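**Student:** Following this message is one structure expressed as structure tokens.
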Number of protein chains: 2
Amino acid sequence: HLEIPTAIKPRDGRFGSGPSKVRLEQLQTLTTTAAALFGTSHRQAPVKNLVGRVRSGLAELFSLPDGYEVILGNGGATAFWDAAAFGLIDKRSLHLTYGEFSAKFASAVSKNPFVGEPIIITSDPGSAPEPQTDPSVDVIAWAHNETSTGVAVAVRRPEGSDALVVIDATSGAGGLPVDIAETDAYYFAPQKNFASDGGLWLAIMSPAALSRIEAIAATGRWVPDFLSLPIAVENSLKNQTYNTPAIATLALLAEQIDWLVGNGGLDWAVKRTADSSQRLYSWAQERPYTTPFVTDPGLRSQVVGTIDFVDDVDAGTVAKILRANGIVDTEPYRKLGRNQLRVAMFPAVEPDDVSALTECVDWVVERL
Amino acid sequence: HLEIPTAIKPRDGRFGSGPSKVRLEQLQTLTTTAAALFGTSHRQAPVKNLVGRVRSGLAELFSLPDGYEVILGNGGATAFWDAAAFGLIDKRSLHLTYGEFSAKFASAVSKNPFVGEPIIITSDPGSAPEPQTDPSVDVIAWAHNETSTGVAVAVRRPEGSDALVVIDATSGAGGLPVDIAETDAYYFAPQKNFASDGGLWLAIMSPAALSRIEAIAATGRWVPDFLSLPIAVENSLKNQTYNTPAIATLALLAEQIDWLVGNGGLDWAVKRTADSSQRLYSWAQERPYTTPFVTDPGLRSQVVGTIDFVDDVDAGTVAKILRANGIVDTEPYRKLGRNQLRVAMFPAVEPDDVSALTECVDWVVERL
Ligand SMILES: Cc1ncc(COP(=O)(O)O)c(C=O)c1O
Ligand SMILES: Cc1ncc(COP(=O)(O)O)c(C=O)c1O
């Protein structure tokens, strides 16, 4: 057992990529300012107003253009994938795949017997293909941030895609820049940049997406009610979800949105994650035992940093020692199979704590 | 405005039937003994051990027979209906319907194109048909407690059913008696007797149900991954869910389970809800402007009490005045259309508060 000196440790040891650091004062709202909301009806004003705070707050944070709406429903982003397969894809989609999450949505669409066989454009993990389109598709899909690899991809409507742009922003939303007008469905869950819990999905949708949802419904295509985007939309527009949402999840999410907006909005959040990730990547470049997994700097995520270790330094051992010292969730994505650490740098994470983390890793490695 | 005197008011004004009263000392564990779990990985030991506590606690509380397992996944009970339609029903089901929730499961199954047309046995709201079977079905389904009507139904395996017994216990589980051996899937969500949040479903499953899930999967039947019972089972057995669960929901749930077990278990909870409900129904009988909606006393739920009001006393006005005085969520189920109050009496609700509620109703009614 190596005991890392307290003086060099981060103030908060949570570097997980979802769930992720929930701020002390943010968690504290659950027993204070939100306490009276708990255990009260999602069909009555107090909880509906909370949903309204979330919707209005996200609309401000993301500078929603006219006609865009915040849609929400239980289940988390994984549920949204199945909902989108039923409800947003008409005939066929094109997917970019370059890691666990981008691949899994494509796979979900491939198996779903209500839509066509998707075009899948792949790259190796640590890279990404360019956003692109095809004449045969009506949805083009990729991930803003591939949480498994630490790759961030530009969110721009490809030339000649006059198709809905459907973006998995689960780990990107709230920490990376975005022009929402380039998107038609920009979806996420609360447990990354929003510093809340899983079990709810949120989707910012364009008028084109909303009209598409309505059109697909009018074909008679079956969808299980729980995965129904039509039903989610009708409820969301009246500050509700189809079935009962978690009040804690909404409360923590509202507090984080308010904090982000109060600190200067998405531009502040992006500067923050830039500060943090600059510290991580500069350190990884400086040390001879580390290197960023992502070789193209233009793809290096500000919010999830994947740092490979050379052969003779065992990152698994480093992660274990960190964990035993209260510095947690630096293990790489469980399926990736590399000698690597993965470090989250969502806005709740203090840039100084990322600096501290790197000093802790140096201290450990010197003593292996 | 009528200002109800403080001296006659309940200590806690939450009488909603889901979400429902969350005890303060329970909520306070989020900021103390559970605080370090927030924002940490559901694929690492601390949160897995929390899931383990929920599963083992439920196994104790419900006296699970050998081979029964606690299965869980995101989405709430409404998600479970769709998962069950895909994953538990082989060819055909029989449903009893007698209110919103029992009817909604039947409707979900009717529309699902992967199974046959269900047999539906109906009664008027306020009543229920008898648990029963049919030679052409392989699942028999009803609700332990129909939250929309205040009707509780026996949970017994019908004679000749030698079919899976699939019971919607969303508002019954934890507050009504049950012999789990009479069931094959006894499912619920945390926001009623368990005094936690929505967005998670739990299902106690028999060996027969688990083998059925496996057999259906082995046919190659497609299911969206989010609604996959095979996947939920695989994860549940290793203290996980398919996708990211809410730590607050699990933490509040675990605390409530521990509280129930520590007080004497299900037997204690049932004595408590009997005490509360006796106060409500006896009051309703005593007053000339009230009567229990459910005329058969054997169907009168111990946990959700529906009290009709005579024409000349406007229960809507009563509910509004109660609400304005902090006594909330006594409105009847939004779709039922009756001059009625609906009062929840789950174990977190103190019996003396139900008595206080009745005194508050009398005080208001005398001044209308
Ligand atoms: C990019 C991405 N997409 C989808 C998911 C699935 O999220 P959830 O667990 O909320 O379903 C995740 C994992 O959290 C993710 O990082
Ligand atoms: C008996 C019953 N079944 C199903 C549901 C659906 O529950 P959820 O909102 O968790 O999907 C409810 C409503 O909460 C209910 O009372």
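Quick note on naming: the chains in the structure tokens go A, B, ... in the order shown, residues restart at 1 in each chain, and ligands are numbered from 1 in order of appearance.
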For residue A:357, please output as a PyMOL selection string all residues within 10 Å (counting only C-alpha atoms; exclusion window: fewer than 2 positions along the same chain).
**Tutor:** chain A and resi 8-13+15+280+322+327+343+351-355+359-363
**Student:** Keeping only N, CA, C and O atoms, write those residues as a compact mmCIF listing (two decimals), in the first residue's frame.
**Tutor:**
# COMPACT_ATOMS: atom_id res chain seq x y z
N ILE A 8 -0.87 16.67 -1.80
CA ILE A 8 -0.90 16.67 -3.27
C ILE A 8 -2.21 16.13 -3.86
O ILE A 8 -2.40 16.19 -5.06
N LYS A 9 -3.13 15.68 -3.02
CA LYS A 9 -4.35 15.06 -3.51
C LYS A 9 -5.38 16.07 -3.96
O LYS A 9 -5.43 17.18 -3.43
N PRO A 10 -6.22 15.70 -4.95
CA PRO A 10 -7.31 16.61 -5.35
C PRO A 10 -8.31 16.75 -4.21
O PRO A 10 -8.43 15.84 -3.38
N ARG A 11 -9.02 17.86 -4.15
CA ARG A 11 -10.04 18.03 -3.12
C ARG A 11 -11.24 17.08 -3.30
O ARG A 11 -11.82 16.65 -2.34
N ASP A 12 -11.55 16.76 -4.54
CA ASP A 12 -12.57 15.77 -4.87
C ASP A 12 -11.92 14.72 -5.75
O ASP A 12 -11.32 15.07 -6.76
N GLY A 13 -12.00 13.46 -5.33
CA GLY A 13 -11.34 12.36 -6.03
C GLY A 13 -12.16 11.71 -7.13
O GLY A 13 -11.71 10.72 -7.72
N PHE A 15 -13.25 11.19 -10.65
CA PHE A 15 -12.91 11.45 -12.05
C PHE A 15 -13.67 10.54 -13.02
O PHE A 15 -13.31 10.41 -14.19
N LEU A 280 -4.36 18.18 -18.35
CA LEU A 280 -4.20 16.74 -18.54
C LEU A 280 -3.33 16.41 -19.77
O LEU A 280 -2.37 15.62 -19.69
N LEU A 322 -4.58 4.62 -6.91
CA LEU A 322 -5.39 5.83 -6.83
C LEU A 322 -6.69 5.55 -6.08
O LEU A 322 -7.04 6.29 -5.17
N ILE A 327 -9.15 8.24 -4.96
CA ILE A 327 -9.15 8.90 -6.26
C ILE A 327 -9.67 7.85 -7.23
O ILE A 327 -8.96 6.91 -7.60
N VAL A 343 -9.93 9.91 -17.69
CA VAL A 343 -10.14 10.98 -16.73
C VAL A 343 -11.24 11.92 -17.23
O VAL A 343 -11.11 12.53 -18.26
N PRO A 351 -10.48 22.41 -12.34
CA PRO A 351 -9.19 22.30 -13.07
C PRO A 351 -7.98 22.04 -12.18
O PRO A 351 -7.15 21.19 -12.52
N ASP A 352 -7.91 22.72 -11.04
CA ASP A 352 -6.81 22.44 -10.09
C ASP A 352 -6.75 20.99 -9.61
O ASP A 352 -5.68 20.48 -9.26
N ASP A 353 -7.90 20.33 -9.53
CA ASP A 353 -7.92 18.92 -9.13
C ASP A 353 -7.38 18.00 -10.22
O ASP A 353 -6.86 16.93 -9.92
N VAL A 354 -7.53 18.40 -11.49
CA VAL A 354 -6.94 17.64 -12.61
C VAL A 354 -5.41 17.76 -12.49
O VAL A 354 -4.69 16.78 -12.55
N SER A 355 -4.91 18.98 -12.24
CA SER A 355 -3.48 19.19 -11.95
C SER A 355 -3.03 18.31 -10.79
O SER A 355 -2.00 17.62 -10.87
N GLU A 359 -0.15 15.11 -10.52
CA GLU A 359 0.92 15.03 -9.53
C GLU A 359 0.84 13.73 -8.73
O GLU A 359 1.87 13.12 -8.40
N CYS A 360 -0.38 13.29 -8.41
CA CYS A 360 -0.56 12.01 -7.72
C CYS A 360 -0.10 10.82 -8.59
O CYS A 360 0.55 9.90 -8.09
N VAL A 361 -0.43 10.85 -9.87
CA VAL A 361 0.03 9.80 -10.77
C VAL A 361 1.56 9.77 -10.84
O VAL A 361 2.16 8.68 -10.74
N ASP A 362 2.19 10.95 -10.97
CA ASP A 362 3.66 11.04 -10.99
C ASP A 362 4.22 10.45 -9.69
O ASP A 362 5.19 9.71 -9.72
N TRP A 363 3.62 10.78 -8.55
CA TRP A 363 4.13 10.34 -7.25
C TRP A 363 4.05 8.82 -7.15
O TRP A 363 4.97 8.17 -6.66
**Student:** Using only C-alpha atoms, determine which residues of chain B fall within 8 Å of chain A; present them as JSON, numbers by chain.
**Tutor:** {"B": [14, 16, 18, 19, 20, 21, 22, 24, 27, 28, 30, 31, 38, 39, 40, 41, 42, 74, 75, 76, 78, 79, 82, 108, 111, 112, 191, 195, 196, 197, 198, 199, 200, 222, 224, 225, 226, 243, 244, 245, 246, 247, 248, 249, 328, 329]}
**Student:** Any chance you could export the current selection's N, CA and C atoms as a short mmCIF file (atom, residue, chain, number, x, y, z; two decimals), in the first residue's frame?
**Tutor:**
data_model
loop_
_atom_site.label_atom_id
_atom_site.label_comp_id
_atom_site.auth_asym_id
_atom_site.auth_seq_id
_atom_site.Cartn_x
_atom_site.Cartn_y
_atom_site.Cartn_z
N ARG B 14 -48.21 15.10 2.90
CA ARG B 14 -48.15 14.35 1.64
C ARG B 14 -48.97 13.09 1.69
N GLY B 16 -50.13 11.78 -1.43
CA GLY B 16 -50.10 11.25 -2.80
C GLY B 16 -49.82 9.77 -2.88
N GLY B 18 -48.15 8.18 -5.23
CA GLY B 18 -46.97 7.88 -6.03
C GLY B 18 -46.71 9.00 -7.02
N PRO B 19 -45.62 9.76 -6.83
CA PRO B 19 -44.67 9.82 -5.73
C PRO B 19 -45.43 9.96 -4.41
N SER B 20 -44.75 9.57 -3.33
CA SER B 20 -45.34 9.60 -2.00
C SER B 20 -44.31 9.97 -0.95
N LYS B 21 -44.80 10.23 0.25
CA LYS B 21 -44.01 10.73 1.33
C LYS B 21 -42.67 10.03 1.47
N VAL B 22 -41.61 10.84 1.44
CA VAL B 22 -40.26 10.39 1.69
C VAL B 22 -39.88 10.93 3.04
N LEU B 24 -38.00 12.45 6.13
CA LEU B 24 -36.84 13.34 6.14
C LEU B 24 -35.55 12.65 6.54
N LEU B 27 -34.28 10.82 3.56
CA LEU B 27 -33.70 11.72 2.61
C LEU B 27 -32.32 12.23 3.02
N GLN B 28 -32.14 12.41 4.33
CA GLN B 28 -30.88 12.85 4.91
C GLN B 28 -29.74 11.85 4.82
N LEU B 30 -28.86 10.67 2.05
CA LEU B 30 -28.22 11.04 0.77
C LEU B 30 -27.04 11.96 0.99
N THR B 31 -27.11 12.80 2.02
CA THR B 31 -26.08 13.79 2.30
C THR B 31 -25.11 13.31 3.38
N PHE B 38 -22.62 8.94 -4.58
CA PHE B 38 -23.03 9.77 -5.70
C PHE B 38 -21.85 10.07 -6.59
N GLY B 39 -22.12 10.03 -7.89
CA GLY B 39 -21.11 10.41 -8.85
C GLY B 39 -19.99 9.41 -9.01
N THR B 40 -20.23 8.17 -8.60
CA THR B 40 -19.27 7.10 -8.76
C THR B 40 -19.88 5.98 -9.59
N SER B 41 -19.00 5.13 -10.12
CA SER B 41 -19.41 4.18 -11.15
C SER B 41 -20.32 3.05 -10.69
N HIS B 42 -21.37 2.82 -11.46
CA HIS B 42 -22.26 1.68 -11.25
C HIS B 42 -21.62 0.36 -11.67
N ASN B 74 -33.81 0.13 -15.39
CA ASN B 74 -34.38 1.47 -15.49
C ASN B 74 -35.74 1.46 -16.16
N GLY B 75 -36.57 2.42 -15.77
CA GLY B 75 -37.72 2.83 -16.54
C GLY B 75 -38.99 2.95 -15.78
N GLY B 76 -39.10 2.33 -14.62
CA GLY B 76 -40.35 2.30 -13.89
C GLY B 76 -41.27 1.21 -14.36
N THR B 78 -44.05 1.16 -15.94
CA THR B 78 -44.56 1.29 -17.31
C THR B 78 -43.60 0.64 -18.32
N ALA B 79 -42.30 0.81 -18.11
CA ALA B 79 -41.29 0.12 -18.93
C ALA B 79 -41.40 -1.39 -18.77
N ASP B 82 -43.94 -3.22 -21.09
CA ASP B 82 -43.44 -3.51 -22.45
C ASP B 82 -42.37 -4.58 -22.44
N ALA B 108 -51.20 -2.50 -23.71
CA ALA B 108 -49.83 -2.64 -24.21
C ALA B 108 -49.62 -4.00 -24.89
N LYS B 111 -51.54 -4.45 -28.30
CA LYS B 111 -50.93 -3.80 -29.45
C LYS B 111 -49.60 -4.40 -29.87
N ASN B 112 -48.98 -5.17 -28.99
CA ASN B 112 -47.62 -5.66 -29.24
C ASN B 112 -47.66 -6.77 -30.30
N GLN B 191 -41.63 4.32 -5.79
CA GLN B 191 -42.17 5.61 -5.34
C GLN B 191 -43.48 5.53 -4.56
N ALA B 195 -41.15 4.53 -0.76
CA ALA B 195 -40.80 5.90 -0.35
C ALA B 195 -39.57 6.42 -1.05
N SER B 196 -39.43 6.09 -2.33
CA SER B 196 -38.30 6.54 -3.10
C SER B 196 -38.80 7.17 -4.40
N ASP B 197 -37.96 7.24 -5.42
CA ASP B 197 -38.31 7.92 -6.66
C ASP B 197 -38.67 6.94 -7.76
N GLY B 198 -39.38 7.44 -8.76
CA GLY B 198 -39.65 6.66 -9.95
C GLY B 198 -38.41 6.52 -10.81
N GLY B 199 -38.55 5.75 -11.90
CA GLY B 199 -37.51 5.56 -12.93
C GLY B 199 -36.71 4.30 -12.81
N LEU B 200 -37.12 3.43 -11.90
CA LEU B 200 -36.53 2.09 -11.74
C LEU B 200 -37.68 1.12 -11.59
N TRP B 222 -36.82 -10.94 -31.29
CA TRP B 222 -36.20 -9.64 -31.09
C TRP B 222 -36.88 -8.89 -29.95
N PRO B 224 -36.06 -4.81 -28.17
CA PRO B 224 -35.10 -3.71 -28.03
C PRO B 224 -34.27 -3.91 -26.77
N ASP B 225 -32.98 -3.61 -26.83
CA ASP B 225 -32.11 -3.93 -25.68
C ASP B 225 -32.58 -3.27 -24.39
N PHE B 226 -33.10 -2.05 -24.48
CA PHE B 226 -33.54 -1.38 -23.25
C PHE B 226 -34.65 -2.12 -22.52
N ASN B 243 -28.19 -0.25 -18.10
CA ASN B 243 -27.64 1.09 -18.26
C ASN B 243 -27.56 1.79 -16.92
N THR B 244 -27.27 3.08 -16.90
CA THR B 244 -26.89 3.73 -15.66
C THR B 244 -28.11 4.00 -14.80
N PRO B 245 -28.13 3.46 -13.58
CA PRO B 245 -29.25 3.72 -12.70
C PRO B 245 -29.02 4.94 -11.86
N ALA B 246 -30.08 5.48 -11.26
CA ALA B 246 -29.97 6.62 -10.36
C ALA B 246 -29.54 6.17 -9.00
N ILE B 247 -28.44 6.70 -8.53
CA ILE B 247 -27.94 6.38 -7.19
C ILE B 247 -28.90 6.86 -6.11
N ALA B 248 -29.49 8.05 -6.25
CA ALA B 248 -30.46 8.48 -5.23
C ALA B 248 -31.64 7.53 -5.10
N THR B 249 -32.13 7.01 -6.21
CA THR B 249 -33.30 6.14 -6.17
C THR B 249 -32.96 4.88 -5.39
N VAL B 328 -51.49 17.85 0.58
CA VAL B 328 -51.42 17.72 -0.88
C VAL B 328 -51.69 16.33 -1.43
N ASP B 329 -52.09 16.35 -2.69
CA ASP B 329 -52.21 15.18 -3.55
C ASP B 329 -53.33 14.24 -3.09
#
**Student:** DSSP on the backbone: what in stretch 22-232 of chain A comes out strand (DSSP E), as a ChimeraX atom specification?
**Tutor:** /A:69-74,93-97,119-122,139-143,145-146,151-152,164-168,185-188,200-205
**Student:** Which residues are near residue B:62? Cut-off 8 Å, only C-alpha atoms, ignore same chain within fewer than 4 positions. Put them as a list in words.
**Tutor:**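 With the cut-off at 8 Å, the set is residues 58, 178, 179, 180 and 266 of chain B.
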**Student:** Based on the selection just made, write N, CA and C atoms of those residues as a CSV table (one decimal), in the first residue's frame.
**Tutor:**
chain,number,residue,atom,x,y,z
B,58,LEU,N,-34.7,-6.8,-0.2
B,58,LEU,CA,-36.0,-7.2,-0.7
B,58,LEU,C,-36.2,-8.7,-0.6
B,178,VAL,N,-48.4,-10.6,1.0
B,178,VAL,CA,-48.2,-11.4,-0.1
B,178,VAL,C,-47.4,-12.7,0.2
B,179,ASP,N,-47.8,-13.8,-0.4
B,179,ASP,CA,-47.1,-15.0,-0.4
B,179,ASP,C,-46.4,-15.1,-1.8
B,180,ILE,N,-45.2,-14.8,-1.8
B,180,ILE,CA,-44.4,-14.7,-3.1
B,180,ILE,C,-44.5,-16.0,-3.9
B,266,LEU,N,-42.6,-7.2,6.6
B,266,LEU,CA,-43.8,-7.0,5.9
B,266,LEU,C,-45.0,-7.0,6.9
**Student:** Quick one: of A:240, A:301, A:286, A:259, who's nearest to ligand 2, counting only C-alpha atoms and all ligand atoms?
**Tutor:**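 That would be A:240, the residue with the smallest distance to ligand 2.
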**Student:** Find the spatial neighbours of residue B:314, counting only C-alpha atoms, within a cut-off of 10 Å - ignore same-chain residues fewer than 2 positions away - and output them as a ChimeraX atom specification.
**Tutor:** /B:289,309-312,316-319,339-340,365,368
**Student:** Could those selected residues go to a file with C-alpha atoms, as an mmCIF file, in the first residue's frame?
**Tutor:**
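Written output follows (selection.cif):
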data_model
loop_
_atom_site.group_PDB
_atom_site.id
_atom_site.type_symbol
_atom_site.label_atom_id
_atom_site.label_comp_id
_atom_site.auth_asym_id
_atom_site.auth_seq_id
_atom_site.Cartn_x
_atom_site.Cartn_y
_atom_site.Cartn_z
ATOM 1 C CA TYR B 289 -71.345 13.328 3.195
ATOM 2 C CA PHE B 309 -68.463 12.598 -1.492
ATOM 3 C CA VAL B 310 -72.178 13.277 -1.743
ATOM 4 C CA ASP B 311 -73.336 15.789 -4.462
ATOM 5 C CA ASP B 312 -73.686 18.730 -2.170
ATOM 6 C CA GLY B 316 -62.677 19.301 -5.643
ATOM 7 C CA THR B 317 -63.081 22.365 -3.488
ATOM 8 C CA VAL B 318 -62.024 20.360 -0.434
ATOM 9 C CA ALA B 319 -58.859 19.176 -2.208
ATOM 10 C CA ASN B 339 -66.502 13.654 -6.740
ATOM 11 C CA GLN B 340 -63.921 11.907 -4.614
ATOM 12 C CA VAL B 365 -66.545 20.918 5.057
ATOM 13 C CA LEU B 368 -67.971 25.518 2.892
#
**Student:** Residues within 12 Å of residue B:260, please, as a PyMOL selection string. Count only C-alpha atoms; anything in the same chain fewer than 2 positions from it doesn't count.
**Tutor:** chain B and resi 26+57-58+60-62+174-175+193-195+253-258+262-272+346-348
**Student:** For the selection just defined, write its residues with N, CA, C and O atoms to a file, as a CSV table (one decimal), in the first residue's frame.
**Tutor:**
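Okay, result.csv is ready:
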chain,number,residue,atom,x,y,z
B,26,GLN,N,-34.8,9.7,6.1
B,26,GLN,CA,-34.4,8.9,5.0
B,26,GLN,C,-33.7,9.7,3.9
B,26,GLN,O,-32.6,9.4,3.4
B,57,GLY,N,-32.1,-7.1,0.7
B,57,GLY,CA,-33.1,-6.5,1.6
B,57,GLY,C,-34.5,-6.9,1.1
B,57,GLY,O,-35.4,-7.3,1.9
B,58,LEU,N,-34.7,-6.8,-0.2
B,58,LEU,CA,-36.0,-7.2,-0.7
B,58,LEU,C,-36.2,-8.7,-0.6
B,58,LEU,O,-37.3,-9.2,-0.3
B,60,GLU,N,-35.2,-10.6,1.9
B,60,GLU,CA,-35.6,-10.7,3.3
B,60,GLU,C,-37.0,-10.2,3.5
B,60,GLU,O,-37.8,-10.9,4.0
B,61,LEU,N,-37.3,-9.0,3.0
B,61,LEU,CA,-38.6,-8.4,3.3
B,61,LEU,C,-39.7,-9.3,2.8
B,61,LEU,O,-40.8,-9.5,3.4
B,62,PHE,N,-39.5,-9.8,1.6
B,62,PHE,CA,-40.5,-10.6,0.9
B,62,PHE,C,-40.4,-12.2,1.1
B,62,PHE,O,-41.1,-12.9,0.4
B,174,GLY,N,-45.0,-4.0,-0.5
B,174,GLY,CA,-44.4,-3.4,0.7
B,174,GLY,C,-45.4,-2.9,1.7
B,174,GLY,O,-45.0,-2.5,2.8
B,175,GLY,N,-46.7,-2.8,1.3
B,175,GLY,CA,-47.7,-2.3,2.2
B,175,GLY,C,-48.9,-3.3,2.4
B,175,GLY,O,-49.8,-3.0,3.2
B,193,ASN,N,-45.0,2.4,-1.7
B,193,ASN,CA,-44.6,1.9,-0.3
B,193,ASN,C,-43.1,2.0,0.0
B,193,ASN,O,-42.8,2.1,1.2
B,194,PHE,N,-42.3,2.0,-1.0
B,194,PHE,CA,-40.8,2.2,-0.8
B,194,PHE,C,-40.3,3.5,-0.6
B,194,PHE,O,-39.1,3.7,-0.4
B,195,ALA,N,-41.2,4.5,-0.8
B,195,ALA,CA,-40.8,5.9,-0.3
B,195,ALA,C,-39.6,6.4,-1.0
B,195,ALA,O,-38.7,7.1,-0.4
B,253,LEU,N,-34.3,3.8,-1.6
B,253,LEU,CA,-35.0,2.5,-1.6
B,253,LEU,C,-34.4,1.6,-0.5
B,253,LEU,O,-35.0,1.0,0.3
B,254,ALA,N,-33.0,1.5,-0.6
B,254,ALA,CA,-32.3,0.7,0.4
B,254,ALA,C,-32.6,1.1,1.8
B,254,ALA,O,-32.8,0.3,2.7
B,255,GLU,N,-32.7,2.4,2.1
B,255,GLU,CA,-32.9,2.9,3.4
B,255,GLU,C,-34.3,2.6,3.9
B,255,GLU,O,-34.6,2.2,5.0
B,256,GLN,N,-35.3,2.7,3.0
B,256,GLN,CA,-36.7,2.3,3.3
B,256,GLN,C,-36.8,0.8,3.6
B,256,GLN,O,-37.5,0.4,4.5
B,257,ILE,N,-36.2,0.0,2.8
B,257,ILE,CA,-36.2,-1.4,3.0
B,257,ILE,C,-35.6,-1.7,4.4
B,257,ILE,O,-36.2,-2.5,5.1
B,258,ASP,N,-34.5,-1.2,4.7
B,258,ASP,CA,-33.9,-1.4,6.0
B,258,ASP,C,-34.8,-1.0,7.1
B,258,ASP,O,-34.9,-1.7,8.2
B,262,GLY,N,-36.2,-3.6,9.8
B,262,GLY,CA,-35.9,-3.3,11.2
B,262,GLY,C,-37.1,-3.1,12.1
B,262,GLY,O,-37.0,-3.4,13.3
B,263,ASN,N,-38.2,-2.7,11.6
B,263,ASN,CA,-39.4,-2.5,12.3
B,263,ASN,C,-40.2,-3.8,12.5
B,263,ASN,O,-41.2,-3.8,13.2
B,264,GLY,N,-39.8,-4.9,11.8
B,264,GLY,CA,-40.6,-6.1,11.9
B,264,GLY,C,-41.0,-6.7,10.5
B,264,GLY,O,-41.7,-7.7,10.5
B,265,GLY,N,-40.6,-6.0,9.4
B,265,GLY,CA,-40.8,-6.6,8.1
B,265,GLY,C,-42.2,-6.3,7.6
B,265,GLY,O,-42.9,-5.4,8.0
B,266,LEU,N,-42.6,-7.2,6.6
B,266,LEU,CA,-43.8,-7.0,5.9
B,266,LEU,C,-45.0,-7.0,6.9
B,266,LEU,O,-45.9,-6.3,6.7
B,267,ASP,N,-44.9,-7.9,7.9
B,267,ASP,CA,-46.0,-8.0,8.8
B,267,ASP,C,-46.3,-6.7,9.5
B,267,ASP,O,-47.4,-6.3,9.8
B,268,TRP,N,-45.2,-6.0,9.9
B,268,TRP,CA,-45.3,-4.7,10.5
B,268,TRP,C,-45.9,-3.7,9.6
B,268,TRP,O,-46.8,-2.9,10.0
B,269,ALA,N,-45.4,-3.7,8.4
B,269,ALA,CA,-45.9,-2.7,7.3
B,269,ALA,C,-47.4,-2.9,7.1
B,269,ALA,O,-48.2,-2.0,7.0
B,270,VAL,N,-47.8,-4.2,7.1
B,270,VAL,CA,-49.3,-4.5,6.9
B,270,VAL,C,-50.1,-4.1,8.1
B,270,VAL,O,-51.2,-3.6,7.9
B,271,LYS,N,-49.6,-4.2,9.3
B,271,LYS,CA,-50.3,-3.8,10.5
B,271,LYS,C,-50.4,-2.2,10.5
B,271,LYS,O,-51.5,-1.7,10.9
B,272,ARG,N,-49.4,-1.6,10.0
B,272,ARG,CA,-49.4,-0.1,9.9
B,272,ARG,C,-50.4,0.4,8.9
B,272,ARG,O,-51.2,1.3,9.2
B,346,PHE,N,-49.4,4.5,2.6
B,346,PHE,CA,-48.2,3.7,2.6
B,346,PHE,C,-47.5,3.8,4.0
B,346,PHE,O,-47.7,4.7,4.7
B,347,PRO,N,-46.6,2.8,4.3
B,347,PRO,CA,-46.1,2.8,5.7
B,347,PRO,C,-45.4,4.1,6.2
B,347,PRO,O,-45.4,4.3,7.4
B,348,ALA,N,-44.8,4.9,5.3
B,348,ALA,CA,-44.1,6.1,5.7
B,348,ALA,C,-45.2,7.1,6.3
B,348,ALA,O,-44.8,7.9,7.2
**Student:** Can you tell me how far atom CA of residue A:100 sits from atom CA of residue A:163, in Å to one decimal?
**Tutor:**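 Answer for the atom CA of residue A:100 to atom CA of residue A:163 separation: 23.9 Å.
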**Student:** Among stretch 226-326 of chain B, which residues carry a DSSP assignment of helix (DSSP H, G or I), reported as number ranges by chain?
**Tutor:** B: 226-227, 229-236, 247-262, 266-286, 297-299, 315-324
**Student:** May I have the residues within 9 Å of residue B:116 as a PyMOL selection string, using only C-alpha atoms and disregarding those fewer than 4 positions away in the same chain?
**Tutor:** chain B and resi 89-93+109-110+112
**Student:** Restrict the selected residues to N, CA, C and O atoms and save them as a compact mmCIF listing (two decimals), in the first residue's frame.
**Tutor:**
# COMPACT_ATOMS: atom_id res chain seq x y z
N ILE B 89 -44.37 -13.27 -22.02
CA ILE B 89 -45.48 -13.86 -22.73
C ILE B 89 -45.00 -14.65 -23.92
O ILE B 89 -44.29 -14.11 -24.77
N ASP B 90 -45.35 -15.93 -23.97
CA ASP B 90 -44.94 -16.79 -25.06
C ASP B 90 -45.90 -16.59 -26.23
O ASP B 90 -45.52 -16.04 -27.27
N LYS B 91 -47.13 -17.01 -26.06
CA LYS B 91 -48.14 -16.92 -27.12
C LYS B 91 -49.28 -15.99 -26.76
O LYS B 91 -49.74 -15.19 -27.59
N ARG B 92 -49.78 -16.09 -25.53
CA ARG B 92 -50.99 -15.37 -25.16
C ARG B 92 -51.11 -15.19 -23.65
O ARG B 92 -50.70 -16.06 -22.88
N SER B 93 -51.71 -14.07 -23.25
CA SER B 93 -51.96 -13.76 -21.85
C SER B 93 -53.45 -13.54 -21.57
O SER B 93 -54.25 -13.20 -22.47
N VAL B 109 -50.12 -5.05 -24.25
CA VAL B 109 -49.99 -6.40 -24.78
C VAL B 109 -50.83 -6.55 -26.03
O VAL B 109 -50.39 -7.16 -27.02
N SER B 110 -52.05 -6.01 -26.02
CA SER B 110 -52.92 -6.12 -27.19
C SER B 110 -52.24 -5.58 -28.45
O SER B 110 -52.38 -6.15 -29.54
N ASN B 112 -48.98 -5.17 -28.99
CA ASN B 112 -47.62 -5.66 -29.24
C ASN B 112 -47.66 -6.77 -30.30
O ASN B 112 -48.28 -7.78 -30.09
**Student:** So which residues touch residue A:70 within 7 Å, counting only C-alpha atoms, skipping near sequence neighbours fewer than 4 positions away, as a ChimeraX atom specification?
**Tutor:** /A:55,202-205
**Student:** Closest to ligand 2 among B:104, B:95, B:342, B:238, using only C-alpha atoms and all ligand atoms?
**Tutor:** B:104
